[PDB]
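Peer 1: Below: the sequence, then the experimentally determined structure.
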Amino acid sequence: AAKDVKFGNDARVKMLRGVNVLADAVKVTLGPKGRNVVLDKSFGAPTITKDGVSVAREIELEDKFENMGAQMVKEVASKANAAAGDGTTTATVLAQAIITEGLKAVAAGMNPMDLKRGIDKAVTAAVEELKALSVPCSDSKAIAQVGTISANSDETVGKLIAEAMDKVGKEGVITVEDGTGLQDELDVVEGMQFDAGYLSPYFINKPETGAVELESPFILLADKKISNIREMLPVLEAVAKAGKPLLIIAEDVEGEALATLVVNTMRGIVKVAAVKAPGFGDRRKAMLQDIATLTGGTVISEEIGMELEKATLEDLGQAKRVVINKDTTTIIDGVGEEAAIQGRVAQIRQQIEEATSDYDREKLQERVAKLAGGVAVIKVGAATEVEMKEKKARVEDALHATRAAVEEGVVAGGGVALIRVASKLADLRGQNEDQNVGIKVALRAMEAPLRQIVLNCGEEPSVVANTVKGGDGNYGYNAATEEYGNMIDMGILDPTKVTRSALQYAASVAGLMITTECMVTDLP
Amino acid sequence: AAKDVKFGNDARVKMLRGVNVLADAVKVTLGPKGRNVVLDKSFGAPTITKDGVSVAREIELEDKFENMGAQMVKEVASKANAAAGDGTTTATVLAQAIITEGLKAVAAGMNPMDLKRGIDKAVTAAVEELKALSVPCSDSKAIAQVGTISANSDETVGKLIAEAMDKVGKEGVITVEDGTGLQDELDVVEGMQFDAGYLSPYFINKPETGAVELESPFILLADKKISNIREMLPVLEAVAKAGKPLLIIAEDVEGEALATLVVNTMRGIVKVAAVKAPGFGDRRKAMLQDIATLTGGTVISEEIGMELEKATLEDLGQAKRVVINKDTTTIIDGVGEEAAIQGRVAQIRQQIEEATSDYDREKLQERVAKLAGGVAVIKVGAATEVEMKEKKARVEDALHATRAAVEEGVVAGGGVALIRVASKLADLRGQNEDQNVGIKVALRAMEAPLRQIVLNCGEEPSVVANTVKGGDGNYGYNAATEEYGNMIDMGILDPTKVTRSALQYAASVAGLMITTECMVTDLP
Amino acid sequence: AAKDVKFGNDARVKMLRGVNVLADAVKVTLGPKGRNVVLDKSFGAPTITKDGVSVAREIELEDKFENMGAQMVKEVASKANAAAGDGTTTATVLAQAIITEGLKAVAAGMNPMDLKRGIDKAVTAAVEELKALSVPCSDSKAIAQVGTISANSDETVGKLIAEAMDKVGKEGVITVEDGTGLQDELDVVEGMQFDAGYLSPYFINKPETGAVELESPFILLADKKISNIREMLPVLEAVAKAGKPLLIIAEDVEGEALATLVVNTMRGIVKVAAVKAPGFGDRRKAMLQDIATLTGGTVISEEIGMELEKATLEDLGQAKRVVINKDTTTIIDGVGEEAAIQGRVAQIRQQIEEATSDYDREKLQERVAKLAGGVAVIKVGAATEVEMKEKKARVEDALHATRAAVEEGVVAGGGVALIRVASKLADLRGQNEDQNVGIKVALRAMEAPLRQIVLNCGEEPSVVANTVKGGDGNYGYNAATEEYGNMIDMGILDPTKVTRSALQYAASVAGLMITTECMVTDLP
Ligand SMILES: Nc1ncnc2c1ncn2[C@@H]1O[C@H](COP(=O)(O)OP(=O)(O)O)[C@@H](O)[C@H]1O
Ligand SMILES: Nc1ncnc2c1ncn2[C@@H]1O[C@H](COP(=O)(O)OP(=O)(O)O)[C@@H](O)[C@H]1O
Ligand SMILES: Nc1ncnc2c1ncn2[C@@H]1O[C@H](COP(=O)(O)OP(=O)(O)O)[C@@H](O)[C@H]1O
Ligand SMILES: [Ca+2]
Ligand SMILES: [Ca+2]
Ligand SMILES: [Ca+2]
Ligand SMILES: [Ca+2]
Ligand SMILES: [Ca+2]
Ligand SMILES: [Ca+2]
Ligand SMILES: [K+]
Ligand SMILES: [K+]
Ligand SMILES: [K+]
Ligand SMILES: [K+]
Ligand SMILES: [Mg+2]
Ligand SMILES: [Mg+2]
Ligand SMILES: [Mg+2]
């Protein structure tokens, strides 16, 4: 198909207009004072949201060149949200700031390559300052605080997350589900999560998360082999009755067992799943007995001399719910006895003094973390057909952001951290003047999040920004209460990874656009 | 698809314009002097109505931004009606008043967040003031009055509902169906209601009430779960041959069974509905047997050796009528014999004294209460197929509204309550002047219903509003007689829950619109 | 879909214009001097009619609001005609008169609800005056006069109906049907009429009259529900042979049997019609046997052990002609032997003295009437085929009006009755000036029919109307001869029911329109 082709300022004005439409719609939702955006649906009542992620998702423009501008910033803000677990709106706001001032610099006749070079220096320096400024979120109050803020200032979800981490630990397994109720609840059960992918993708019963979930299934294991389904027939029958879906994990299902198994999944008479299996050769024998011990099942191998034919209905392990993702598979609430599981822990704990290398004490300790750790499950319990599918996606991210806080720490929220970092970078310089202007472009942008938050309050960004800059450390503006004070004490905490990611992705796309001389698309 | 995006004033103006079209069309039907609105049908003759609910449902605008505004206020008003039983027109009048003045204030440049806080504060206080002003509906007279008003001053309706509730008791089952002749019929038959909904919303043949209406349906009671349609084949074919619909009650309906029971229900089934049997264990079995004895059906259990394919036409129960809501299933006039039914009730009572648990006594009680209770049936009299369906519409409405009156009590109608509450709030204040303006916005709006009623009479809203304000307590304007008096003595009563719910929902959407900076929709 | 929404004056002029197109097309055909209206057909020569009912049927307008106006008045005039058996044109004329003057009053700023109140009051008064003015229609001479006027001064039609009533009585059953050449026949035969409709409208072999007609059909009488066609199969094979169409009278026909027969009559090569037996309980089984005695057939019941599959050719009764409308079924000339029938009658007569309730005595009385009453068959002869059908249609029309004349009596035609009642209401007043204007609106409108009749003559409506007003009693204008005189002596008679209904229905829709503030319809 013949193409529409634009060059230079022509290309860039259209990108900028498209960026402007995207960012102007998204930025109004930033901070506790965010305005509402009405989003139309094909039929029925419109959706009304303060959520920048939902707003960005709907933006697409008629003009193709403008549209490319918007999709560029979207993709990049979307990557920040997936890496850090939050920051989409912040990343979008920053991107518009850098792009706008950057293109003014290009239009004045300044070297774009130098402009981009100075922006990058500023960002690399800004990222180090953030790492310096950061402080640990080690503590229940703080974790709850950060959770609450990633939760859109919802205490309950912040309380839940900090509650989960208390029981299962900071790096412990935590999963998000629906459940039945108008309110959200938390449960801590026996289960584990190891990295195994689906053997075939078509197992997936839920395309949204691209994962498989079976309800009250059975678990199978190897060992051997599995070359042929002929020995998979007898155990498939008994599982057919009782209406309980079957799960087969290990090990290395191949041939028609790998193939003819995936056929019956597409047809509605069967529900089955398979996984990439344990970390073997030798260690799989350890991992499997761990799974079997958790699921209350038995491990039947040909090595020992046992056959898959003799395997009975009770020979299988069991769990309440199972989830198999692309790279991962999780077991929720195994039915294995606690006396069994507990003794299996001690058996592995002896091997710690029995370990002749640092490499073994890692693995075996990773196993005791799976069995002894358990799995904390939170049920969103937002009651609606539409409200459920959504709130599960935000809490899933709110959990990701808290994890990010626990890893790389936290900094003063409300755009204060970026304001502070920019003040420290006041002396930073480039190789030439154009690189210098680039640097100042980045440093000006770092004020945009605070300014926008304030503007959404109906107060004057100039005055508040000035007042905050005139202060020190974690002093900031609390946009909920309209008062200044210590941001950390006030509990307004950004995960450092989130602030960091927002700026980096923002600056990425902005460098790209500032360095863009040509666009190609389809004819109108 | 590419989107049309508007911001700020340009957006709010279009939204307000769509609200005006909706409200101006709905509000002229308010009260006993309501004007007619003519609504077209693609075929046949136009519908002429004073019912705000019917007018609202038809409104959709060509301009997509205007339409979003209309749909926003519609949803909120129907949420109110769904919660309180009545008040759609009132809610819309209130929404228009709050939005209009609120938007005027925003255009003047006041802080929209503060405006919303002000409105919210006035409503919260108004709601309490309303609860205090409220009075219980104790007896048949006041109950009749409430029904009569919700019936558009039809005293025969109020009389019916008062008598229906007298027979079944104020806590108990009352349904309504088309009558065979000019006269009204009130009879109490054998029936029952438990809590289960439809498994899929597509089962709804009546979009207005969102309910599944099935006339002379066969009832399948299954003690198992159905994931597969192939075993439902011989049973269904028998049903499609008899020219009757089918209600499926089992453990669950899923897999291809559901999906097939959905699409096939659209054309060639030609009608079927299925609900999840309430409870579990021996309770779920015992409840199914209750339903079987009522409809003269036989429960299918796998443990007795019975199968679905061996199920004949006489293993299916039968009832005159069955209705299914999202949370509810109602079986009216089972064919089951007395002796089987009476033999059953004497059996559960015998289970009371044998029962060793106080919990079991209350649980077995709920079962005898349903079998011995039966269901009250109201058949709407005459006079023609279109007139009937309108009267059946009113009786249902009045039924809902009378409920609400029972729970939360009543207040003076004619918009007098909101007028009184407003005058009590004269001294209310906010944190700043903008919140004050918001409070005055809400208080001004609380005069909208009375004024509109008066305006529909062809009188002058200012003069009447003034006179009522100068009066005291339940003193008001009777718009039917155009005479002032005591609203309670004149039998003009609104359920407090209705007035409350209307103000709240209206204020909810208004606050949303006052705080909206951006709208996204499809291209024209 | 998006809607077009109009308000107030903008909405009302469009309704008015639509009413004007409908009314101006219909009203030119009023009375003996009515002008021709030409109605197109997709092929061949146009239809030329002086019949208002035919003109009104064809009117539909492009502008969707104008169309709404017209359909509203059509529905109402149509309702009048169905109730009283004539008056469509009169009602349409009255409706236009009230609407036109009423809207003039609205535009002047008068209270629309008061205007309606005033119109309503004058109408109920006029209805009482019509009842007072009404005179009995008893003698064959007055009856034939009534029939003649309904027939457009066809004195042959009036004579036929009068003759028919001289035999079966004034409440007797009368059917008209295609006769032999040129010569009318009237003969009373064994037969009856009960209320049952066609179960499938597709059964109709006469799309115009809207009724199914079976010639010398067999008649099946079954006391059970026919579901499976297989039970019905052998009884059909006997009907397939002998080439005698079948009439199935059963408790009901549904499912496989319904859809099976309904389609087979469409494809041709088969003739069948199904109707449900009237009443329920024991009264249903009695009336079935009634039809069985009349047709000389046998009732097939489940109780005595009679099987529908064992029903032989002699089990079925026979009629000469059978005519099934949507409302009623008529069996003409049953084959049942006189001794049979009259024995069944004396059996009922006995039970009439045995009745312990006056409900039975009325019901049993109804039956003997149908059995011993017989049916009058009017056979219309004509010079040509096309000349026969229209004369037949003239008789069917006049039959309706004649019955109405018999029930409620007669008044002076030519719109003199309405003129007289109006002059008598001159002092009538309402609660205020606006109500007074409404009354005058109605009173002025009552002159519209005479004026229009005179206008179709080509004379001056003011002069004739003024002269009639100047006289008393039944003095009026004869439009046929263009002379004044006594309307009753000249045989110009309106059934009081017709005049009353036309006025009532016209005032109904007129008040509705005078009170409409909003119209909602589809976009063009
Ligand atoms: N009480 C508060 N005062 C000031 N800033 C706040 C407050 N609560 C949250 N914020 C800020 O709002 C920002 C998050 O806004 P949000 O609308 O979630 O955009 P994003 O999608 O980028 O997270 C963070 O920078 C956070 O510090
Ligand atoms: N005789 C009356 N005098 C004054 N107000 C009345 C009278 N009858 C009903 N109303 C008022 O009409 C309102 C309900 O009117 P309606 O048109 O049904 O609107 P909605 O759909 O909001 O209930 C109530 O506020 C009630 O008090
Ligand atoms: N010879 C006559 N002189 C005056 N009026 C007549 C005469 N014959 C019939 N009419 C009147 O014509 C009217 C019937 O009009 P028609 O054309 O049948 O329309 P509609 O459907 O209203 O009956 C009646 O009011 C009747 O009295
Ligand atoms: Ca749309
Ligand atoms: Ca610059
Ligand atoms: Ca139409
Ligand atoms: Ca104001
Ligand atoms: Ca603003
Ligand atoms: Ca002349
Ligand atoms: K937000
Ligand atoms: K109303
Ligand atoms: K302020
Ligand atoms: K005519
Ligand atoms: Mg966030
Ligand atoms: Mg109401
Ligand atoms: Mg006529």
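Peer 2: Alright, I've got the coordinates. Numbers count the residues shown, from 1 in each chain, chains lettered A, B, ... in the order given. Ligands and ions are numbered 1, 2, ... in the order given.

Peer 1: Next one: the residue of the stretch 351-500 of chain A found nearest ligand 10 relative to residue A:48, how far apart?
Peer 2: Here the residue of the stretch 351-500 of chain A nearest ligand 10 is residue A:456; by C-beta to the ion that distance is 9.3 Å. C-beta here means a position set from N, CA and C on the backbone, and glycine is covered the same way. Residue A:456 sits 16 Å away from residue A:48, going by C-beta to C-beta, to the nearest Å.

Peer 1: Then residue A:225?
Peer 2: 56 Å.

Peer 1: again, but for residue A:440
Peer 2: In this view, residue A:440 and residue A:48 are 39 Å apart by C-beta to C-beta.

Peer 1: Contact residues of the stretch 251-400 of chain A facing chain B?
Peer 2: A:268-269 (C-beta under 8 Å from any C-beta of the partner chain).

Peer 1: how about the strands of the stretch 251-400 of chain A, start to end?
Peer 2: Listed in chain order, the strands of the stretch 251-400 of chain A (DSSP state E, counting those that start in this stretch) span A:272-274, A:317-324, A:329-334, A:375-379.

Peer 1: Let me have those in JSON lines, extended by distance to residue A:105 and mean neighbour count.
Peer 2: Output for the strands of the stretch 251-400 of chain A, formatted as JSON lines (distance: least, C-beta to C-beta, whole Å; neighbours: other C-beta atoms under 10 Å in any protein chain shown):
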{"stretch": "strand A:272-274", "distance to residue A:105": "55", "mean neighbour count": "25"}
{"stretch": "strand A:317-324", "distance to residue A:105": "49", "mean neighbour count": "23"}
{"stretch": "strand A:329-334", "distance to residue A:105": "49", "mean neighbour count": "24"}
{"stretch": "strand A:375-379", "distance to residue A:105": "47", "mean neighbour count": "23"}
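
Peer 1: Including distance to residue B:122, could those strands go into JSON lines?
Peer 2: Shown next, in JSON lines, are the strands of the stretch 251-400 of chain A (distance: least, C-beta to C-beta, whole Å):
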{"stretch": "strand A:272-274", "distance to residue B:122": "56"}
{"stretch": "strand A:317-324", "distance to residue B:122": "47"}
{"stretch": "strand A:329-334", "distance to residue B:122": "48"}
{"stretch": "strand A:375-379", "distance to residue B:122": "37"}
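
Peer 1: Which of those strands sits closest to ligand 3?
Peer 2: Proximity to ligand 3 (C-beta to the nearest ligand atom) singles out strand A:375-379 among the strands of the stretch 251-400 of chain A, at 71.3 Å.

Peer 1: Listing partners with orientation, what would you give for the closest one?
Peer 2: The strands beside strand A:375-379 in its sheet (DSSP bridges) come out as strand A:173-177 (parallel), strand A:185-189 (antiparallel).

Peer 1: Please identify the most buried of these.
Peer 2: strand A:173-177 (a mean of 20; mean count of other C-beta atoms under 10 Å in any protein chain shown).

Peer 1: Run the angle between that strand and strand A:329-334 for me.
Peer 2: Here strand A:173-177 points in a direction 90 degrees away from that of strand A:329-334 (axes from the mean of the first three to the mean of the last three C-alpha atoms, to 10 degrees).

Peer 1: Need the contact partners of strand A:173-177.
Peer 2: For strand A:173-177, contacts defined as C-beta atoms under 8 Å, 6 or more residues apart in numbering or on different chains pick out A:161, A:164-165, A:168, A:191-193, A:321, A:323, A:330, A:332, A:373-380, A:392, A:395-396, A:399.

Peer 1: go again using 6 Å as the cut-off
Peer 2: Strand A:173-177 is contacted from outside by A:164, A:193, A:375-379, A:392, A:395-396, A:399, using C-beta atoms under 6 Å, 6 or more residues apart in numbering or on different chains.

Peer 1: Also stretch A:350-366?
Peer 2: residue A:348.

Peer 1: buried sites along that stretch?
Peer 2: A:351, A:364 (16 or more other C-beta atoms under 10 Å in any protein chain shown).

Peer 1: what about it, start to end distance?
Peer 2: Chord length of stretch A:350-366, first to last residue, is 14 Å (C-alpha to C-alpha, to the nearest Å).
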